[PDB]
């Protein structure tokens, strides 16, 4: 599994409230989280398919 799949979810730093998807490596599921617009890390997908295809 790619190392980004174990990066913790990170809302970043902006002022937005975007709905994003991250891979929860403890649960082995792609779940919703809130992203603020800027920053964060690579465990941050626009769609669920992107997440499931990368980390499952």
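Here, each number is a calculation from the coordinates, and none is a lab measurement. Every residue, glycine among them, receives a Cβ derived from its backbone with ideal geometry; neighbour counts consider all protein chains shown.
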Practice task
Say whether the condition of being surrounded by fewer than 14 Cβ atoms within 10 Å (Cβ to Cβ) and part of a strand (DSSP E or B) is met by at least one residue in region 35-56.
Solution key: no
Practice task
Specify the residue that is nearest to the chain's Cα centre (by Cα); the eligible residues are those in region 1-34 that are loosely packed, with under 12 Cβ neighbours inside 10 Å and outside any loop (DSSP other than H, G, I, E, B).
Solution key: 32
